[PDB]
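# Overview (structure and organization)
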Amino acid sequence: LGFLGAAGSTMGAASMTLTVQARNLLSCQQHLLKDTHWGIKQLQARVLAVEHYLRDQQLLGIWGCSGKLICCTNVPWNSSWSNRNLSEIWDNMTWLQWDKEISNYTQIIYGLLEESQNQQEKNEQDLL
Amino acid sequence: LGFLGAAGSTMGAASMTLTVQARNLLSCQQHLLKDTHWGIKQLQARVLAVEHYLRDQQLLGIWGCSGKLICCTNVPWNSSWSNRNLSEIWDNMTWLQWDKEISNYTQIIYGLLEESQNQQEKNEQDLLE
Amino acid sequence: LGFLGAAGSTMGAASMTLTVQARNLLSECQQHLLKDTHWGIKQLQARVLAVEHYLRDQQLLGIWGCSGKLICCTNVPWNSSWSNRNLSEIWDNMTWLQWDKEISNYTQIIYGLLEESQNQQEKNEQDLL
Amino acid sequence: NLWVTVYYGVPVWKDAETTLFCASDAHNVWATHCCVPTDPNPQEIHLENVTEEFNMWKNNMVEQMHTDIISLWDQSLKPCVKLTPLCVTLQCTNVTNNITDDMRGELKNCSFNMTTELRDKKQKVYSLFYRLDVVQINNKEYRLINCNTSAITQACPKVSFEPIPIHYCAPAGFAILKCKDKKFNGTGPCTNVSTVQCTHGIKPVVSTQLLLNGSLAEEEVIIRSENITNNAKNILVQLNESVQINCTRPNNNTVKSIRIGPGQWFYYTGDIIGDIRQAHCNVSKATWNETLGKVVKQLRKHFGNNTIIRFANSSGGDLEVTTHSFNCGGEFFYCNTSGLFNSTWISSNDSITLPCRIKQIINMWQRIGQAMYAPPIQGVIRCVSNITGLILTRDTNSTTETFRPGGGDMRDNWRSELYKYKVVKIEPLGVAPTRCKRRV
Amino acid sequence: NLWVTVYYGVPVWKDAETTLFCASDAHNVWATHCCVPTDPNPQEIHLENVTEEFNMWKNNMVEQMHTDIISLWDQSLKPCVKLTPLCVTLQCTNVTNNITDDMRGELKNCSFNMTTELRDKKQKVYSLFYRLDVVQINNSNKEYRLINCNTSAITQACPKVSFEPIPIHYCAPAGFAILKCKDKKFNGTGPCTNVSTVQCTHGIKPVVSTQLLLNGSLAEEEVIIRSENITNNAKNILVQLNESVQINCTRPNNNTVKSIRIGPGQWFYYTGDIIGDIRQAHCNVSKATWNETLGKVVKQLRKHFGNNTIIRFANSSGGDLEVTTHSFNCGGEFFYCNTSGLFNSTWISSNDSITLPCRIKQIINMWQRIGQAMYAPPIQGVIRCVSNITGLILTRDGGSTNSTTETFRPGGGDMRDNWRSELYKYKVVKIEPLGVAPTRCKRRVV
Amino acid sequence: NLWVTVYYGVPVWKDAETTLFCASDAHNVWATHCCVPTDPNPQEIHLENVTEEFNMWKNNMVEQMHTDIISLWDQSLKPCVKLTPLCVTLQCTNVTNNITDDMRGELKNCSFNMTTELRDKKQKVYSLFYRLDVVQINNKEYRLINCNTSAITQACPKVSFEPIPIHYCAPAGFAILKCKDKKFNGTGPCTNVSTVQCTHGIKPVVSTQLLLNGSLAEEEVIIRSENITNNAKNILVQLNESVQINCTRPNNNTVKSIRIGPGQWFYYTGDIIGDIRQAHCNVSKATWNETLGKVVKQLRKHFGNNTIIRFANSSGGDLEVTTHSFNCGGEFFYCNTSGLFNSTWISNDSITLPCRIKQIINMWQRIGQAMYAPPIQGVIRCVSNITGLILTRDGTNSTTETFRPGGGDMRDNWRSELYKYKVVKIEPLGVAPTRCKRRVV
Ligand SMILES: *[C@@H]1O[C@H](CO)[C@@H](O[C@@H]2O[C@H](CO)[C@@H](O[C@@H]3O[C@H](CO[C@H]4O[C@H](CO)[C@@H](O)[C@H](O)[C@@H]4O)[C@@H](O)[C@H](O[C@H]4O[C@H](CO)[C@@H](O)[C@H](O)[C@@H]4O)[C@@H]3O)[C@H](O)[C@H]2NC(C)=O)[C@H](O)[C@H]1NC(C)=O
Ligand SMILES: *[C@@H]1O[C@H](CO)[C@@H](O[C@@H]2O[C@H](CO)[C@@H](O)[C@H](O)[C@H]2NC(C)=O)[C@H](O)[C@H]1NC(C)=O
Ligand SMILES: *[C@@H]1O[C@H](CO)[C@@H](O[C@@H]2O[C@H](CO)[C@@H](O)[C@H](O)[C@H]2NC(C)=O)[C@H](O)[C@H]1NC(C)=O
Ligand SMILES: *[C@@H]1O[C@H](CO)[C@@H](O[C@@H]2O[C@H](CO)[C@@H](O)[C@H](O)[C@H]2NC(C)=O)[C@H](O)[C@H]1NC(C)=O
Ligand SMILES: *[C@@H]1O[C@H](CO)[C@@H](O[C@@H]2O[C@H](CO)[C@@H](O)[C@H](O)[C@H]2NC(C)=O)[C@H](O)[C@H]1NC(C)=O
Ligand SMILES: *[C@@H]1O[C@H](CO)[C@@H](O)[C@H](O)[C@H]1NC(C)=O
Ligand SMILES: *[C@@H]1O[C@H](CO)[C@@H](O)[C@H](O)[C@H]1NC(C)=O
Ligand SMILES: *[C@@H]1O[C@H](CO)[C@@H](O)[C@H](O)[C@H]1NC(C)=O
Ligand SMILES: *[C@@H]1O[C@H](CO)[C@@H](O)[C@H](O)[C@H]1NC(C)=O
Ligand SMILES: *[C@@H]1O[C@H](CO)[C@@H](O)[C@H](O)[C@H]1NC(C)=O
Ligand SMILES: *[C@@H]1O[C@H](CO)[C@@H](O)[C@H](O)[C@H]1NC(C)=O
Ligand SMILES: *[C@@H]1O[C@H](CO)[C@@H](O)[C@H](O)[C@H]1NC(C)=O
Ligand SMILES: *[C@@H]1O[C@H](CO)[C@@H](O)[C@H](O)[C@H]1NC(C)=O
Ligand SMILES: *[C@@H]1O[C@H](CO)[C@@H](O)[C@H](O)[C@H]1NC(C)=O
Ligand SMILES: *[C@@H]1O[C@H](CO)[C@@H](O)[C@H](O)[C@H]1NC(C)=O
Ligand SMILES: *[C@@H]1O[C@H](CO)[C@@H](O)[C@H](O)[C@H]1NC(C)=O
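Residues numbered from 1 in each chain as written, not as in the entry; some residues may be left out. Chains lettered and ligands numbered in written order. Heavy atoms only, no water.

Judging from the entry metadata, cryo-EM is the method by which this structure was determined, and 4.3 Å is the reported resolution.

Written out as structure tokens, the structure is:
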């Protein structure tokens, strides 16, 4: 329906809008060039947007999720991060609410995803 | 052939030239820095080339093609877009002519490609769970 | 071991650190970025070049059909014209620095072979579908 | 039982700061610089079942607006002629031609030496000056007030500085959120929010004491400050209806120009046609009185049921904070406000005439290392502005408190238009537990 | 029974406008700026079964030449001595020694007060002027001022800097390509079938001149005339010759350049003394060559205007020298040649070179822009150069008399119209690698 | 038999040049323009079984430091008041008031006119200054020494130029490698190496003759030159001990100022409080002799056990070439080092070196610009650490060679501090043979 239209939707309900959010990330110059600061300042902002985009893509590659909007892993979920029931997580809560609740544990999760993929690629190469 | 050597070739004839076109999309010093307007213009140009590149790659990912040069999807070809023989198109039309043949449908096809892929991933997720 | 935790590792030993090296690229005060025009420009240019470098390597892996994998087994044979080094040493006596130096002469050849082999296989898959 | 599933394109965000890009609807300075066109698209997304917290007193956009404005102002002046060749002794006497008692010595007829197109020649000229910009040296010897402290640059006469509405637009990866709660005071949670592509068109209006040409409150009168209890805070008052104020400089000025160098033209005030009288501004007494009565009722809601509101003028300071200021027709006005703040509120109609002073040497933007000369304008100037708000300060359980108009950062004016907007960064990744396991 | 097939790496493009950068093959400004090296490989690929439309009048590269050339010019002059302190009352007399009757009072001997390293001291300087640079103060015939004291500050050019144009190659940024037309008979504004790809253009030498175009590409096969909206006399005519015409220019007198200090770290340069009988500048063209060349031009325009026409030539309308004379730089000096002698003929169906007198100026405005000025310091000794006329700019009077006689005059024009000639050969396009087509396959779904 | 296997994330590199970003910890120009904080977390990775080739004289990190320092200096002077309008004729006489140390003719009392805030007014003013800044025109006429050559700019009094440690950090995609071998001689295959994200801080101290406030050597004094037998190359001496040098500008001073325009202030010397005294630096002779002893031993190791090392003073030339030079208290000192190089070696005692003060400074061995050093009030004192020397062998086969304090360009100070470090580019992609063919469906 629009960018962030699903922000108030439940986590499950918002899953089919992941594509709109992705499309909007990369979405009189004869005068403006003359202003050195205007030029540099705005160019830097554009460059940073690119850098952020690429870092997230780099991570999806590392975790083995680059080809999917939704990516299952072999890393188990820890009750330390969350011991809430899936029915509340997916049907009642929104992503804004839910994500805030696990803001401590994100780094832990990322490290686990990276290692799991590392071992799986090794296993494939040894098998071949 | 070289870069764009295949530009005058027909659509099927240009098969396997896709690789040269892709390779060529990406590629004193004190003057380059002191002349501020010069330096800005040149840096902007490289940045723009990157931005362009990324949009195309993003779309291929969105549509489920990703790193492939040649993809086939679940979206049907429409009579509202064209009504020409398949061999007429592939053996005789020039890729440049072809783009002229299909004009202002790009956004339709892309919307269809995007939605089809979105549903396909959801179906895979349900099956695995 | 950390980023570039070791470079004395044999090539085999170093295979599990590929994911580490992979994370290095793209890894009031700020007012100074505009106050000193050249300083801000030089830094921006450096960041841009790092990005450009990154993208070229990623494109190349995509072209070869390896894409996001850190390790790929391909359809290109190792040539007999290349130094006849013993496989036991290649993987467990040799480190990547030593190895690459020994085979650096051939880099552009092997790349051309990788590109062509993938292009041919992709075409064959389209015919099979 | 559960595994970590990665989700990309998740519709969430975090508080963020980033540079915005300036766009106009479309040779005015604002328009020339803020030349990027806006989209013909009133894009807004209602964030149904989303609550967000706003705090206007910490809003980064205000600081950016300020910074960009200062920069533009200077950029406009960078290519203009310097008047430093005119830092000479002036021989001044009082003007007595058709001058009334409310003027007397305010105008001076000064003569001086200045340069010519050729380096070796000099010329003698006569010019009319306002007392505010001329200082006695010690007799008849006077100088321009700022030739001891800073260089004076003449503003280019061709450049229009009148404000145009400006829309600020988010860079990709960012979004602007807006609070649509009509009763929102700028600091609490807001439960009626939507996304924004670009802000509305905000005019970069500059004034002191009274706010001009801003938005009006739907909800009568809203009085807000960072902290009401804190006696150091400057209170902003937003009105639901404007008060019109009619400002003028009645004197018909004759403007002439002389070259001081090859491409350097100096514009001088010349002389005056007709009678000489003070500049002034008018408002309706009742309109002003009705407005204050409502403000007082709103003040009691914060200051007490038995509280008596005493209005008074500012406590002191320089011209820039003791008078109301604006730039009507491009001339800089410094108008008295004591006539507006004399009463005490307790628990075809007459107008209020505010006398005004005219100044040409301006220390712009609360800075002191720069000065500019405002070229005089030929003829007679009139305008009418919309007073949309107040800038107020206040001075042992007396039950009576005193409120005064005052100065402050120009940022404080801009805080009003930007009070309803917030900048956030989009964060597409997150994970969640699911019952799937990656196929091995 | 067809689906969508998606391809990336499709060899197609669309017209586009982008920023180009320059390179060269190695004191010179052009060399300093286009410091980027060239690739010796032509990288030109002929395309088969290719057509493209080239409209030179809409070629943005022409605008870029103008924009960047001016920018370089300004950057090069910027870090030099300001002569502002010298735009003062000047005392003058006419030169009466070793002067021919062609010169009479054109050359003047003037004196004035000048600054020194210390602000407390003043010196007195004598120098020569060519009249065009000096006017009466207000009318006294002893007191003069420089022509620019009422308009702009003048900066002298730094004497070490070389502006000699060099061939410059323009190269596409990644994502872009240049297409080239090699159709020998192509007149612009239209389709071309002899199309090949280009990475970098040939080296275009940025020669700046007015009425006649010097040292450009020479036409292949035949004299060709290119114009747009030809019946409209508001447009000028660009004529490209297939045979060059040699023109020998000189500044015959021996100039002894002197220099003095003007302030801390700064030198001023001036004319000093002149040795030998003093004459104006001159340019020679064989009259026979000129007449043969002109007849060839006449034949080409005749096919455009009619078999029964009479082609009359006439000299230009009045106006500034930058319009009315052949303005060019020779040896570093600025020449203003009287070309009326090249147009005094009507065409109806040993060399005795035509010699044009030429004026010289020291105060130069630039690019038909005003409010800025450059001082050209004099060059020591005697100057000679030889140039190749490769094309002409002409205008037609127009009107309707139906007399069958058309009148042509030296045309005026923009510097952009000189560059327009070389650039008629090139077009910029953007590469668009992504596209779709129909297919009998469907994605395999499992 | 073998196929190709492709690897990404390969731990290899190639030598490369780039631009390294400037950072610092904790009105100081170095801090202001290297605002970027350092990482408080130390970082280093040892690379066992890795040997790398270093060459301190081919190290582009030095050139970057040179370029950036000069740029910084100029950028800092750009917004300061110009003194151009003060290039007027001076009328000067000799000052004998409270003359001491027979330093006659060093200072002159000059009267001159200046332009003040209004263009209509001129003022006769007076100032006291050094002969090194003034020349005679030929109660005689004089001018400042640099008025014919260029504009003079006053440095802003509020800006501190005191060197602070500066750390250089690699951009992503690059790494800095360092040599940890205590006996490394400046070139070759260093076997004790590690990877470093940021260098240690280096203070950008600029001096001539001797190297001050640098790093000390471990082990023993290490002497290094690009070519040893080419007398055109100077040899760097890195000491393993620091010699204390106590410098002063002994006079007390009154500083005066005047407006020369609209907000334009000029600072000048006023007058001298007490006796006029010569500037000087003190070094213990005994420690100096011990230091020379260590050095001559190291020199003999390259020339022979029986050679004779003759020390001698610098050749004739400009003060910036022949005398010791440093910035102490904001004043610029030129010191006579001939007293340090008189002995011949073969198998309190504080020496006082006289010094002179100059206010108009040309810098970086560049000509065409000059910086006016504002006067410093009061009395100046500092003590510096001598950590090294720049010497020349001066080219008979008599076995006696003369070593002179030839000095060198600013890069030598930087070559010394940045010698440890090398820059390389990371190259993650590579290939090797395997046993499998890609699995084919
Ligand atoms: C169309 O094309 C022709 C051919 O290229 C151009 O003709 C040349 O024009 C340039 C610019 O006017 C001339 O440049 C001058 O060259 C002198 C040296 O050449 C002589 O001496 C050498 C030996 O040293 C001989 O080989 C040579 O044949 C000549 O006899 C310089 O001394 C001149 O002085 C300037 O440069 C020197 C540095 O080299 C400085 O020290 C001086 O102060 C000063 O700046 C000058 O560079 C060139 O000689 C001409 N060539 C010929 C063959 O005649 C036309 O100008 C061009 N037309 C247009 C419109 O562009
Ligand atoms: C411009 O400057 C001139 C001097 O250069 C002034 O003229 C002198 O004024 C004094 C009185 O202050 C008289 O005693 C002199 O006789 C005058 N000299 C001449 C030649 O007239 C002049 O008054 C100044 N004018 C202005 C407008 O400032
Ligand atoms: C100020 O006074 C001048 C002088 O009368 C006015 O100029 C006149 O303008 C009218 C048109 O508005 C002309 O018809 C007159 O001829 C002008 N006067 C002269 C000298 O010829 C000017 O308009 C007045 N300006 C204002 C705003 O009062
Ligand atoms: C110096 O030469 C100029 C010409 O270059 C003389 O100007 C001419 O003066 C006569 C008499 O007034 C006019 O009729 C001409 O029209 C003028 N010529 C031009 C081109 O305008 C000038 O008089 C000479 N001066 C001296 C002292 O001989
Ligand atoms: C400052 O300027 C004044 C003049 O305005 C100089 O004083 C004059 O010098 C000349 C020298 O030829 C004497 O003939 C005059 O009698 C002096 N006049 C006065 C009033 O003294 C003065 O010398 C200049 N100051 C300096 C230091 O050079
Ligand atoms: C908000 O809540 C209502 C139920 O009260 C529900 O119908 C609606 O879909 C919710 N909105 C969003 C964005 O989830
Ligand atoms: C969960 O996290 C805690 C630390 O907070 C750790 O000790 C525990 O082992 C983890 N359990 C699982 C299943 O990951
Ligand atoms: C973990 O996150 C919660 C919010 O979800 C926060 O209240 C808590 O303090 C965090 N714990 C730590 C150790 O940061
Ligand atoms: C779209 O393209 C077709 C040709 O393919 C053309 O006939 C039609 O007019 C175009 N529509 C638009 C955008 O006007
Ligand atoms: C160095 O070589 C030894 C002997 O083969 C080995 O045991 C050691 O692990 C190697 N070092 C590194 C960093 O691999
Ligand atoms: C000029 O005006 C001032 C201010 O009103 C007054 O004090 C002064 O006496 C007046 N002088 C004359 C001559 O009228
Ligand atoms: C406002 O500041 C006053 C002190 O000036 C303090 O007593 C009061 O509690 C503050 N109010 C809030 C809401 O912080
Ligand atoms: C305020 O008004 C009083 C008169 O009641 C006046 O004397 C005083 O100067 C005025 N001060 C300011 C700052 O307006
Ligand atoms: C040049 O063009 C003319 C056109 O009239 C033609 O007659 C002549 O033969 C051509 N010259 C050459 C060398 O082809
Ligand atoms: C200043 O000292 C020099 C010697 O250094 C001498 O020649 C000169 O005459 C002295 N001048 C005065 C005024 O004493
Ligand atoms: C010094 O340079 C000379 C050549 O000038 C060379 O023969 C000699 O070997 C060099 N010495 C050293 C120690 O590099």
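## Let's talk about the overall build of chain B
Going by this rule: Going along the chain from the N terminus, every DSSP run of H or I of four or more residues is numbered as a helix, and every run of E of two or more is numbered as a strand. The globule rule used for comparison is 2.2 Å times the number of residues to the exponent 0.38, while the radius of gyration itself is calculated over C-alpha atoms. Classification of residues uses two cut-offs on accessible area relative to the type maximum, computed with a 1.4 Å probe and protein chains only: under 20% is buried, over 50% is exposed, and between them is partly exposed. Under the convention used here, a 1.4 Å probe and the Shrake-Rupley method define accessible areas, while residue burial counts only the protein chains that appear. In this tally, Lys and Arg are treated as positive and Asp and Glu as negative; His is ignored, and so are the chain termini. Just so you know, the charge point we use is NZ for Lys, CZ for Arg, CG for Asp and CD for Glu.
The secondary structure content of chain B amounts to six helices and one strand. Starting at the N terminus and ending at the C terminus, chain B contains elements arranged as α-α-α-β-α-α-α. In terms of overall size, chain B is more extended than a compact globule, its C-alpha atoms giving a radius of gyration of 20 Å where 129 residues would be expected to give roughly 14 Å. If you line up chain B on its principal axes, its C-alpha atoms span 55 × 45 × 25 Å. Looking at the 129 residues of chain B, the share that counts as buried comes to 53%. When the accessible area of chain B is evaluated, it comes to approximately 6,100 Å², of which 49% is carbon and sulfur surface. One finds the centroid of the 9 positive side-chain charges in chain B at a distance of 13 Å from the centroid of its 13 negative side-chain charges.

## Considering the packing of helix α3 (residues 36–62) of chain B against helix α3 (residues 37–63) of chain C
Here is the rule we go by: Here an angle of 0 to 180 degrees is reported between the N-to-C directions of two axes, which are lines fitted to C-alpha atoms, with helices fitted over the stretch in contact. Note on angle classes: values under 35 degrees are labelled roughly parallel, values over 145 roughly antiparallel, values of 65 to 115 roughly perpendicular, and the remainder oblique. For a crossing to be left-handed, the near helix must be turned anticlockwise from the far one by less than a right angle; the clockwise case is right-handed. Contacts were defined at the residue level, with two residues in contact if any of their heavy atoms lie within 4.5 Å.
It is the contact of α3 of chain B with α3 of chain C, at a shortest axis distance of 11 Å, that shows an interaxial angle of 30°. Judged by the inter-axis angle, α3 of chain B sits roughly parallel to α3 of chain C. Between α3 of chain B and α3 of chain C lies a crossing whose hand is left-handed. Residue-level inspection shows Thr36, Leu43, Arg46, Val47, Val50, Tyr53 and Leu54 of chain B of α3 of chain B in contact with α3 of chain C, the latter providing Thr37, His38, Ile41, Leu44, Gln45, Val48, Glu52, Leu55 and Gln59 of chain C.

## Re the interface of chain A and chain D
Heads up, the rule is: Two parts placed together each lose some accessible area; with a 1.4 Å probe, that loss summed over both constitutes the buried area. Any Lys or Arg side-chain nitrogen found within 4 Å of a carboxyl oxygen on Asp or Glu counts as a salt bridge. Pairing of N or O atoms within 3.5 Å defines a polar contact, subject to two protein rules: one partner must be a possible hydrogen donor and the other a possible acceptor, and residues neighboring in sequence count only if both atoms are side-chain atoms. Ten residues, namely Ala, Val, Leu, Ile, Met, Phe, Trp, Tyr, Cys and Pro, are considered nonpolar, four, namely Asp, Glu, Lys and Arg, are considered charged, and the remaining ones, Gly among them, are considered polar. Each pair of strands is called paired provided DSSP finds at least two bridges between the two strands.
Listed as interface residues are 54 residues of chain A and, on the opposing side, 42 residues of chain D. Both sides together, the interface formed by chain A and chain D hides about 4,500 Å², and carbon and sulfur atoms give 69% of it. As a salt-bridge pair, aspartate 68 of chain D and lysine 41 of chain A come within 2.6 Å of each other at their nearest N and O atoms. Where chain A touches chain D, the interface holds 14 residue pairs in polar contact. Among the elements of the structure, α1 (18–23), α2 (29–32), α3 (36–63), β1 (70–71), α4 (86–91), α5 (95–101) and α6 (106–127) of chain A are those that each provide at least two residues to the side of chain A that touches chain D. Of the residues contributing to the side of chain A that touches chain D, the split by class is 34 nonpolar, 16 polar and four charged. As judged from the two bridges shared by β1 of chain A and strand β1 (residues 3–8) of chain D, these two strands associate in the antiparallel manner.

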